[PDB]
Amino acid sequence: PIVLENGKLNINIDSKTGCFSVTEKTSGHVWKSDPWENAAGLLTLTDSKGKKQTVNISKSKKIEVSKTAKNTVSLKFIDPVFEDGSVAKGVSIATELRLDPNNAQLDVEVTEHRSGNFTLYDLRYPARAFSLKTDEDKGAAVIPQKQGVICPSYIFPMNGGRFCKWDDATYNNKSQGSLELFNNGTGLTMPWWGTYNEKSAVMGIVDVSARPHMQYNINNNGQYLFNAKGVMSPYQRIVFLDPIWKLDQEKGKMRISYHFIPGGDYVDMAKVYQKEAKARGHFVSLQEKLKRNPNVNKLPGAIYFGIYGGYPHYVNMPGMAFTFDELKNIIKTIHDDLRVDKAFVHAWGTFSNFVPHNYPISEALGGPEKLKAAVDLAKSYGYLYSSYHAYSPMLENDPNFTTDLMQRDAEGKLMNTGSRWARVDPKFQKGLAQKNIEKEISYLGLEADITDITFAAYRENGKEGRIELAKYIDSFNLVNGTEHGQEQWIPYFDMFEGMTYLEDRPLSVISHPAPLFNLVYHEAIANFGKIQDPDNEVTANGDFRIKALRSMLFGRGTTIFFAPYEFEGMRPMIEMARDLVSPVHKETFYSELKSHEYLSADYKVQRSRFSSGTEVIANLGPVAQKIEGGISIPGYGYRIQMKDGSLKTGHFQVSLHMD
């Protein structure tokens, strides 16, 4: 065996297979190679008859493993072998393992691939590495899926219904699959993932130039590999996360940097990526943003209100659209009746054309002067205000619809025919914003802006146009926000609407929400609930009780998103948000989320600590549970230590009034 070693790690590379193990020398923990098939990597390629096949590259005809430098091992897998015994003659995969001379860091890189007469698709490399043994390791996979989740590597007590779904999912296809980087759907918002047990943690950070997918396997024994054969899997239940290098598409550097943390968990992983986040330029603190714009301080303790008038989906829809007089009266009631001290008022439906033509201010809704009166009222309260804006849609029901503003692919076919909200080519969108945004800022005297859709993902295609638009909006120095966000956009915005959780999502029945994104970026970007899943709606992600408590634990602001006719039904939740969440949001707004912990066996009792000196303990389940010292946290209850040392305790109650 070839050995790479420094003061902290020993890398044992098998010269016959290319598989490697990593010994973390201070804990003695040994991270293993693929426990199922001893595969260094899993390559998907076409065979001589053209059918896609997936092969173990450790079964290649020739495997070369040599130490080409002091801390570098080069590997070459030559002529993989198909299941029928034929050979992909002329296919080769070259990789490298590079141990940092000093730190507990191992770089793994696919350096070259040769495809011969075959076509190469996916490469899982390293394959099924750094795994946890289910119900032996007591730890978790760590996945920054949107705000982030952990997946425990063992079965634990929980509500009986949740338990049945959890355990069942670890045995069927719900616990295996892949996710992508930097989308607003089911995918990841940070280019890292990892695993930990009680002894140590490992995480891999993907090179800034690459876009692998992430394969997950959450306590599954690989039965999915044998269902088509109709045999029972002979493998052990394990947790693993693998990079999927898309050899057919990838033109970046196929490198992942593994960091090994003794005694670490998801918090320590986030802090390690935080250092890389700063080096990549994503991290621009809220304090720097506040120095540039003092109106940023209208955000701490503010409730985000979206008054949804059926727009952009429809123009002046009956029964949903608000007039500007009705808009003004809602703002007045929020301030005078509901005593909301700080607010971001977001009015969806102020223009008489469909987006992307965000103008003129609608005469049918009352006209420019009536909208200005509503905005002037909000500004007299110290509220932030923005209308709904979007420069990316191209809607079938718009009379101005045209494919001329749409993008076409290499075949000349229209792109995003099935995604109406992102049909305009980003290279056109600054020009669209330029048509009226400066007129609206000037006329209404705007201090804030929120822009929809365009910055919800970070894809390569069109990024230059999106950066152009981001720079244009940011040049106005308004307190600005955007839908969902991604880390690459943090320098340009003050708040993200979203960066929480999809309602329907892979892993939902076998994961726990964890504030991975905010553990990295809470100092640099404020987030609020997503408008489709706001704190006033009851969804897979909870009711107001659960969402308010998770808000304080994770460091996000309250979102109240409603059609005008619902307003009277919103008052009780606006009041509870004002009383409970807003003061904590205010105190913690600029701080670092230093730590998050799970404090109960069922993961429902959690504790967050912010660098403001604020501590939030909350219990997101129905039954009172005790923590260290025998302190009891009531069901749907909280125990909050404020910066001045005062202690807030309480709980939500659902009751039935009968006349």
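Counting begins at 1, following the sequence as shown. In this text, rigid core is short for the largest set of C-alphas that superpose within 1.5 Å between two forms.
- Root mean square Cα distance to the shown form, taken over structures and residues in 4 other deposited structures of this protein after a core fit, is higher for 402-410 when 402-410 and 281-289 are compared.
- Of 412-420 and 207-215, the stretch whose C-alpha atoms sit farther from the shown form in 4 other deposited structures of this protein, after fitting on the rigid core, is 412-420.
- Judged by mean Cα B factor in the deposited record, 333-341 ranks above the other of 333-341 and 506-514.
- Per-stretch averaging of Cα B factors for 369-377 and 536-544 places 369-377 on top.
- Across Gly485, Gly529, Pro360, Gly177, the entry's maximum B-factor at the CA atom is seen for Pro360.
- Residue set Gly412, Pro262, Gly185, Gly148: peak C-alpha B-factor at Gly412 (per PDB entry).
- Per-chain ranking of the deposited C-alpha B factor places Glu597 in the lowest third.
- In the deposited entry, the Cα temperature factor of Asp474 sits in the top third of values across the chain's modelled residues.
- Placement of the Cα temperature factor of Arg609 within the chain: lowest third of the modelled residues, per the deposited record.
- Sort the modelled residues of the chain by CA B factor and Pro622 lands in the lowest third.
- Ranked by Cα temperature factor within the chain, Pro572 sits in the middle third according to the deposited record.
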